[PDB]
Amino acid sequence: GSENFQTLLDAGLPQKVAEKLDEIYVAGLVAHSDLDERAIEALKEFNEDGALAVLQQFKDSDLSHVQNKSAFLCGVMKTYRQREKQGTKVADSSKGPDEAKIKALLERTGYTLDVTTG
């Protein structure tokens, strides 16, 4: 991993967040200090899902010649909340399809003259 794994654990944030953050600091996706104190502060008070949401998109952001990764990260945190609570803006984003598998239910059969069986 990277040295920045352990700061997160001590800054207030759970392991389950840092486990999904270390990857970013190893992929070549950041320059270790690609963020600023202001982007840290808005990344102390989150819930369990919160940071995971923000870290996800950030791994797939258009970063190739960004000048300020902090602006990007302090952006995405202010949209995902729309699927979390009534505490954000109407911003755009593109997640959570249609579609839903059964996976918990079962079928039936009843051979009789009244039923469209095979």
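Residues numbered from 1 in each chain as written, not as in the entry; some residues may be left out. Heavy atoms only, no water.

Judging from the entry metadata, solution NMR is the method by which this structure was determined.

## Description of the environment of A31
Along the chain, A31 turns up in the loop between helix 3 (24–27) and helix 4 (37–41). Sequence separation between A31 and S70 is 39 residues, and the spatial gap between their C-alpha atoms is 11 Å. (Helix = DSSP H or I, 4+ residues; strand = E, 2+ residues; numbered from the N terminus.)

## Section: the side chain of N4
Its place among the elements puts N4 in the segment before helix 1 (5–11). Assessed through its relative accessible area of 8%, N4 is described here as buried. Excluding anything up to four places from it in sequence, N4 contacts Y25 and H32. (Buried < 20%, exposed > 50% of the residue type's maximum accessible area, 1.4 Å probe, protein only. Contact = heavy atoms within 4.5 Å.)

## What about the nonpolar core?
Ranked by size, the top nonpolar core spans 21 residues in total, and within it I24, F46, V54, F58 and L73 carry the most contacts. When contributions to this core are tallied by element, the ones reaching two or more residues are helix 2 (15–18), helix 5 (48–58) and helix 6 (69–76). Sorting elements by how many residues they give to this core places helix 5 first, with 5 residues. If sequence neighbours within four positions are ignored, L73 has contacts with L35, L43, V54 and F58. (Core = buried A, V, L, I, M, F, W, Y, C linked by side-chain atoms within 4.5 Å.)

## Focus on the pattern of salt bridges
For side chains of opposite charge, pairing can occur when their charged atoms come near one another. A complete count under the given rule lists 3 salt bridges for this structure. The closest approach of N and O atoms between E23 and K59, which form a salt bridge, is 2.7 Å. Of this pair, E23 sits in the loop between helix 2 and helix 3 while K59 sits in the loop between helix 5 and helix 6, and the two are 36 residues apart along the sequence. Between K69 and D34 there is a salt bridge; the shortest N-O distance is 2.8 Å. With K69 in helix 6 and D34 in the loop between helix 3 and helix 4, this residue pair connects regions lying 35 residues apart in the sequence. (Salt bridge = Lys/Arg side-chain N within 4 Å of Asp/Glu carboxyl O.)

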